[PDB]
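Data block below; observations after.
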Amino acid sequence: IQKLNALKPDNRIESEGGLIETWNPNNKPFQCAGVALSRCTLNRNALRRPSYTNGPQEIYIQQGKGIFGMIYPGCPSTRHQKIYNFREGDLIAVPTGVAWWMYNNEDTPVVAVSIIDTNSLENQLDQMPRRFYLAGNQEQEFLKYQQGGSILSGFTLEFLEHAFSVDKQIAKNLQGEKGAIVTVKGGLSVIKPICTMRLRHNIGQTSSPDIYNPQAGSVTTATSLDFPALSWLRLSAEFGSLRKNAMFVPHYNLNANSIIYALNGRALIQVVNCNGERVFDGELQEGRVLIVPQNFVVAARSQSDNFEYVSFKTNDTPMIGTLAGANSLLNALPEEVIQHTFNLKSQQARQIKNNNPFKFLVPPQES
Amino acid sequence: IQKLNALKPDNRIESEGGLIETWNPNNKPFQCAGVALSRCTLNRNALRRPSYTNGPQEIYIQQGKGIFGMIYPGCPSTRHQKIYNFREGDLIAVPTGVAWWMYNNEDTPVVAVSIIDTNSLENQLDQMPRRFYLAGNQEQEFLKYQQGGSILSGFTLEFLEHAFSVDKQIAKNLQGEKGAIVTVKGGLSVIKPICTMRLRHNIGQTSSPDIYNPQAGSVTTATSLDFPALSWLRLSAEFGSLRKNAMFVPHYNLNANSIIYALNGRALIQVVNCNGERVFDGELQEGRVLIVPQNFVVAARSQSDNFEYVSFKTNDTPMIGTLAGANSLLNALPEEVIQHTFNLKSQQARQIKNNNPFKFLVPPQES
Amino acid sequence: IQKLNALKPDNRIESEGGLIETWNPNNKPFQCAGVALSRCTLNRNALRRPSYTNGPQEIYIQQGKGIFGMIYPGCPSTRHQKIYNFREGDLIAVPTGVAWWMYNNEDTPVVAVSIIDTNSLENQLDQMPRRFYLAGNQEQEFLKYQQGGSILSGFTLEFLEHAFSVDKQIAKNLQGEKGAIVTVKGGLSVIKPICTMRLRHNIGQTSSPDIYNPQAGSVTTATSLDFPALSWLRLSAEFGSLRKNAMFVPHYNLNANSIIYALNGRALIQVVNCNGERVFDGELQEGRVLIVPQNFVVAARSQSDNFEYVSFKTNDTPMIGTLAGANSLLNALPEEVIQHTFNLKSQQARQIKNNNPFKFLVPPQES
Numbered sequence: 001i002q003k004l005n006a007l008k009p010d011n012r013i014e015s016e017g018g019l020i021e022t023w024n025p026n027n028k029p030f031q032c033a034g035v036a037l038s039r040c041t042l043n044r045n046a047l048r049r050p051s052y053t054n055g056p057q058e059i060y061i062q063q064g065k066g067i068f069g070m071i072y073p074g075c076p077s078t079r080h081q082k083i084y085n086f087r088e089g090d091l092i093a094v095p096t097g098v099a100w101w102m103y104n105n106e107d108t109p110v111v112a113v114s115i116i117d118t119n120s121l122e123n124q125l126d127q128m129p130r131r132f133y134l135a136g137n138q139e140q141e142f143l144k145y146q147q148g149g150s151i152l153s154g155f156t157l158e159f160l161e162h163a164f165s166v167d168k169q170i171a172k173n174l175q176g177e178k179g180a181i182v183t184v185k186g187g188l189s190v191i192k193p194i195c196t197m198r199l200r201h202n203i204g205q206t207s208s209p210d211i212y213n214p215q216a217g218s219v220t221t222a223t224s225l226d227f228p229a230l231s232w233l234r235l236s237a238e239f240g241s242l243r244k245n246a247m248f249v250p251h252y253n254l255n256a257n258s259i260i261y262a263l264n265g266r267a268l269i270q271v272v273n274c275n276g277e278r279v280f281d282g283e284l285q286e287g288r289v290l291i292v293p294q295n296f297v298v299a300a301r302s303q304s305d306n307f308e309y310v311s312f313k314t315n316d317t318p319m320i321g322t323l324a325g326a327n328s329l330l331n332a333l334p335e336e337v338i339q340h341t342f343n344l345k346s347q348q349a350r351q352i353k354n355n356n357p358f359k360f361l362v363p364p365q366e367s
Numbered sequence: 001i002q003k004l005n006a007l008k009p010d011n012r013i014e015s016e017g018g019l020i021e022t023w024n025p026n027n028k029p030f031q032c033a034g035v036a037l038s039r040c041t042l043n044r045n046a047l048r049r050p051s052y053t054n055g056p057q058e059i060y061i062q063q064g065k066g067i068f069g070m071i072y073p074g075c076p077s078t079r080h081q082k083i084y085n086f087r088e089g090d091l092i093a094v095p096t097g098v099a100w101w102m103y104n105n106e107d108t109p110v111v112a113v114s115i116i117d118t119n120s121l122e123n124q125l126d127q128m129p130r131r132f133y134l135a136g137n138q139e140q141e142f143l144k145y146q147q148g149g150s151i152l153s154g155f156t157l158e159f160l161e162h163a164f165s166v167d168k169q170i171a172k173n174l175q176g177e178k179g180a181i182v183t184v185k186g187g188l189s190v191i192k193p194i195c196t197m198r199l200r201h202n203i204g205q206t207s208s209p210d211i212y213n214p215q216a217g218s219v220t221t222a223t224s225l226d227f228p229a230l231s232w233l234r235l236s237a238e239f240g241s242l243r244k245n246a247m248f249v250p251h252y253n254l255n256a257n258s259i260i261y262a263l264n265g266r267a268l269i270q271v272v273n274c275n276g277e278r279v280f281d282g283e284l285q286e287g288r289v290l291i292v293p294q295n296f297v298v299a300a301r302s303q304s305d306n307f308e309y310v311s312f313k314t315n316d317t318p319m320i321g322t323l324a325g326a327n328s329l330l331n332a333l334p335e336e337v338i339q340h341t342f343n344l345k346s347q348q349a350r351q352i353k354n355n356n357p358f359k360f361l362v363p364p365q366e367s
Numbered sequence: 001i002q003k004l005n006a007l008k009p010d011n012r013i014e015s016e017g018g019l020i021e022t023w024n025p026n027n028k029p030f031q032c033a034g035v036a037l038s039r040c041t042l043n044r045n046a047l048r049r050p051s052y053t054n055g056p057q058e059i060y061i062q063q064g065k066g067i068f069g070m071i072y073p074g075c076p077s078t079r080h081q082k083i084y085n086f087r088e089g090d091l092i093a094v095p096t097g098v099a100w101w102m103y104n105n106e107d108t109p110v111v112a113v114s115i116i117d118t119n120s121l122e123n124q125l126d127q128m129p130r131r132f133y134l135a136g137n138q139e140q141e142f143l144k145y146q147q148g149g150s151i152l153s154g155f156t157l158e159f160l161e162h163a164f165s166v167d168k169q170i171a172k173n174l175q176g177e178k179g180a181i182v183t184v185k186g187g188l189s190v191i192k193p194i195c196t197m198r199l200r201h202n203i204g205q206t207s208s209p210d211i212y213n214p215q216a217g218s219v220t221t222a223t224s225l226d227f228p229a230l231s232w233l234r235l236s237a238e239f240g241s242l243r244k245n246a247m248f249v250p251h252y253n254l255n256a257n258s259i260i261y262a263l264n265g266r267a268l269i270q271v272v273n274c275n276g277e278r279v280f281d282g283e284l285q286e287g288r289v290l291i292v293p294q295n296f297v298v299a300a301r302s303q304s305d306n307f308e309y310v311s312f313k314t315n316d317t318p319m320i321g322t323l324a325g326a327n328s329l330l331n332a333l334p335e336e337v338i339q340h341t342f343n344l345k346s347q348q349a350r351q352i353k354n355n356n357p358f359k360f361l362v363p364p365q366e367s
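Protein chains in written order, with this note's numbering: chain A, 1 to 367; chain B, 1 to 367; chain C, 1 to 367.
So this is what it looks like as structure tokens:
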């Protein structure tokens, strides 16, 4: 790739109580990353209908409070299986093929941006995304990219009558006859709170930052160490809040692919490749995404009082190699290999290893 | 997949003591599937000569009894390494690159239908199925599909001469100069009985079933839980025997592809995809196979008194989501969300949950 | 593959303090094996500047003595992380992404040959070899195949300024303002003795060999049982020394590709495929590389006094299946079945089983 561009969605699907936005998974960034991105927003009383995908999915909630519930095959009911609550900041984990449903109850919408790792090992189909809905007669979000009905409507009435042991009339209602997101007139009176596994860990409205710098921002990461349902996914996530003109240092992921989606405000990012080319040099704003491939190096300087972002890294234990600051790779170098690979005096080399005391987040220059 | 079809073979190879038939790997079903199917039948006194593929193999024995022996490199002998017996319903696990031979001695022929997963992490070559014979001049079963002799008959007359430490004459014998299934005139007088790992497990008719229902039939599953050599393969198999007009309810496999080879009888099968499209609506009869991709939904009604099948799943521990039955996905949903995704009333949603009290097999409708 | 051949390199770069050669990764043999070979060389007082790749690397030192550093991300300093010394006959293991530098102080020019497994599961990018130089203005070894400056020079002056917290005078030095391998004029004052695990193991002649035949030679191999860091790499290596006219028997790797680099001398190798076609017959001589795929079979007779080779296998625990020897597959086959596959008398079967008593190495034929 010669030029990474900030990408917008190219597909909106307005449902009765919501909206689904999907990004084109065949632009070379998304081809390379091997994920498909989606932003679902569901209004008051909306109930996203039960569905599943042929790959690992990890959902980040940008705003809202609802209930969500996953129908796991080998699992015990309570009537019905476990319903979890959520808040903005929560990272939801969805194992391959597991069917889920989500519902909102307040005025403030649920906006939940999320990625499908189409390129996962668990995805024994092809690199195309697919959602398999259990209900309704509607085009699945990604059918456009391939080139409607639920997985139950593609059956024969005689087959559905026999399977459920119900009469023809009710069997007709299963068989199709509002989109994926439906509005509940009366609102669900369904109780507000591996089958044992926690699949909800908050990296937004926390107060326990991985890194926290009162002069520059704060950053948090959910890896499997602290959110073990993520070893199932082999997926990760980072949330970082950045003050105006603070910066996160040049770094690269050794073992992963970052899909940086910007939640708030804006920042000027720079990403340079193996040949030293500056494959993107611009600004990333709200509701826009930048994919940063594996060993490529990104550096950002903020433009807003708090430029927030969720970076979905594809690896449940991602590793970053900081190139400037407290724990950098140049710090860990002998003071004389730096002198000869950079062509620096002994005096200077020291400054390049100690002028910035800060780990990852470096404060605003002050001018 | 546009349309799935009940595939038969496109390759008969008749040898002295038996027959090998293979199914085309370049068909779109097998290409998605990632498998290579084949069915070898050995007659009385026949010896399938030692060979090996570059991927995980899983052999099911449709009928007959005989013996088979692995030639595992890191092992102790006795004279010779271990030879095992086999009955019908035996599932033999063969690790990547291990060699083996199989012999029959009855009048009843061994019919062993098997799959090589050519899309394995273990297969480090290409998607093309191939078999490497130690002995005998003959072309390999999948030479047909690429576009001969065995591996030993390719070296120089003096390289075997030098290697085995023998003369020109028996070097010419080892050097090639009846195909893969030769008949052993008198009979192999070898006694009828990881190195220690049990590569045999009976899933067939002489088993203790997983689902059993005397009005509808029974299912039996060999995951890696119960047959531990299968976690080496990363392959599974399943046996079913449905009563006439009994059905297995619509279900999908969360994490595996299935290759349903029908062993006995006939059945009316139906599979639907992500867009509610009925990709197969027909009959799978004996000696035919139907590939059901990853999150595709499958349901079948039996048309025989006892329709029997083998289902090679491609995952050593497959999970199936049942869409109807005691433990269905719909059974674990809140009654109220079942009303709102399918447009039912409370009463009807009491029925989709409770009209069928059965797990996986549902009895004949009984009219 | 139709035919194989002994390959010499196509690309060579003269750097100030040494040289770098790279084999073309887009040959059909290299696309099949899935690896990229480079042979670098450090003359005296040379530093190889910090670099890193999107894949698991395994460097084998052919000749010389020197030291090297590995800049691991999480790892603790000492002033800087822990340095290791290498001497010839060594194998150094470099995890995906880890940056490393390499120095030479003797006159004796360090020659190391190495692979990058671009087909790894850690390699999330594509099938391209690509080195990320941490400093200096030079075009990367592999760029040519793709068709410069470092990851630091592509960045902006003020981004580098603010990043490192420096003055603009040393930020411009730092911004790249003598190639990969640069001569330290005085030569480093730096000493000569997962953050603590061993990443060096010696498989040269100094080592205790696995096989030692005083008339034939010796074979030493490092798996992840004896060099555990290689389980990270999912790679291994194997050194071989063979007297004139001796032979390593016909054999096949069950689970790995093989990259034979001819260190010293010249032998005559034969590799035959699954059809019986001798896809290579002729001589692999010094500084040349023969790729030998997964279940393909190889035999070789040494034509020099002591032909020396390193075999880069693509598996940390490769299993080999030898075709003639003490330990052979034929040995484990009952005398009777080996009579019938090869068409031999009983007494001619015992000759195959017993004449050659040596494991892997068979002496000269004695003429």
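The beta carbon of each residue, even a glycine, is placed where N, CA and C say it ideally should be.
Nearest-angstrom Cα separation, counted from B:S120 out to B:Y103
Distance between the alpha carbons of B:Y103 and B:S120: 28 Å.
Exposed unless 16 or more other CB atoms sit within 10 angstroms - verdict on B:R49:
Counting of Cβ neighbours within 10 angstroms places B:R49 among the buried residues, the total reaching 16 or more.
Closest by C-alpha distance to C:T78, when choosing among A:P363, A:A332 and A:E336
Of A:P363, A:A332 and A:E336, the residue nearest in Cα terms is A:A332.
Cβ neighbours of C:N253 in the same chain (closer than 7 Å, five flanking residues each side left out)
Spatial neighbours of C:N253 in its own chain (CB-CB distance under 7 Å, excluding positions within 5 residues in sequence) are listed in chain order as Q294, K313, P318 and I320.
Against chain C, does A:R44 count as a neighbour if the rule is that its beta carbon must be under 7 Å from one of theirs?
Not a single C-beta of chain C is nearer than 7 Å to the C-beta of A:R44.
Pairwise C-alpha distance: B:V310 and B:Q215
Going by the C-alpha atoms only, they are around 21 Å apart.
Classify B:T41 as helix, strand or coil using the three-state DSSP reduction.
Under the three-state reduction of DSSP output, B:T41 falls in the strand class.
Measuring alpha carbon to alpha carbon, tell me which residue in C:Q138, C:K185, C:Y145 and C:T196 is nearest C:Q175.
Ranking C:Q138, C:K185, C:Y145 and C:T196 by Cα distance to C:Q175 puts C:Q138 first.
Does DSSP classify A:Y145 as helix, strand or coil?
Three-state DSSP puts A:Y145 in a helix.
Taking Cβ positions, are C:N85 and C:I67 nearer each other than 7 Å?
A contact, by the Cβ cut-off of 7 Å.
So that I know if they touch, is there some Cβ in chain C lying closer than 7 Å to that of A:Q348?
Yes, contact with chain C.
Return the residue from the list A:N105, A:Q365, A:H201 and A:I20 that minimises the CA-CA distance to A:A112.
With distances taken between Cα atoms, A:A112 lies closest to A:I20.
Between the C-alpha atoms of C:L91 and A:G287, what's the straight-line distance to the nearest angstrom?
A straight line joining the alpha-carbon of C:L91 with that of A:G287 spans about 48 Å.
By Cβ distance, which residues of its chain are closer than 7 Å to C:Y145, with the 5 residues on each side in sequence left out?
Excluding residues within five positions, the ones whose Cβ falls inside 7 Å are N24, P25, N26 and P129.
Chain-ordered neighbours of B:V337 on chain A, where CB pairs are closer than 9 Å:
Simply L47, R49, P50, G69, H80, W101, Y103, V184, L188 and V190.
Please confirm whether C:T341 has its beta-carbon closer than 7 Å to some beta-carbon of chain B.
Yes, C:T341 lies at the interface with chain B (some Cβ there is under 7 Å from its Cβ).
Using a Cβ-Cβ cut-off of 7 Å (strictly less than) and excluding sequence neighbours within five positions of C:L157, which residues of its own chain qualify?
Once the five neighbours on either side are set aside, the close Cβ partners of C:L157 are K168, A171, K172 and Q175.
Span separating the alpha-carbon of A:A237 from that of C:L330
Cα to Cα, A:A237 sits roughly 54 Å from C:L330.
Cβ of A:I352 within 7 Å of any chain C Cβ:
At a cut-off of 7 Å between beta-carbon atoms, A:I352 makes contact with chain C.
Using beta carbons (cut-off 7 Å, strictly below), is C:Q124 in contact with chain A?
Yes, C:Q124 counts as interfacial toward chain A.
Measure the Cβ-Cβ separation of C:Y72 and C:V98 and say whether it is below 7 Å.
Contact flag set, yes.
Can you confirm whether the segment 340-350 of chain A touches the segment 55-66 of chain C when touching is taken to mean that 3 or more C-beta pairs between the two stretches lie within less than 8 Å?
Result no; under three Cβ-Cβ pairs closer than 8 Å.
Look at the Cβ atom of C:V279, then the Cβ atom of C:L4, and state whether they are nearer than 7 Å.
The criterion of a C-beta distance shorter than 7 Å is satisfied by C:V279 and C:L4.
Quick one: is C:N354 buried, meaning 16 or more other Cβ sit within 10 Å of its Cβ, or exposed?
Classification for C:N354: exposed.
Segments of 4+ residues assigned as alpha helix (DSSP H) that fall wholly inside the segment 4-37 of chain B
If you keep only unbroken alpha helix (DSSP H) runs of at least 4 residues inside the segment 4-37 of chain B, you get 28-33.
Determine the DSSP secondary structure at C:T341, reduced to helix, strand or coil.
Looking at C:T341 - three-state DSSP - the assignment turns out to be helix.
C-alpha distance - C:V292 paired with C:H80, whole-angstrom precision:
One C-alpha to the other measures close to 41 Å.
Give a yes or no on whether the C-beta atoms belonging to B:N202 and B:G89 are separated by under 7 Å.
Yes, the Cβ-Cβ distance between B:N202 and B:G89 is below 7 Å.
Hey, how far is the Cα of C:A256 from the Cα of B:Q124?
Distance between the alpha carbons of C:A256 and B:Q124 is about 7 Å.
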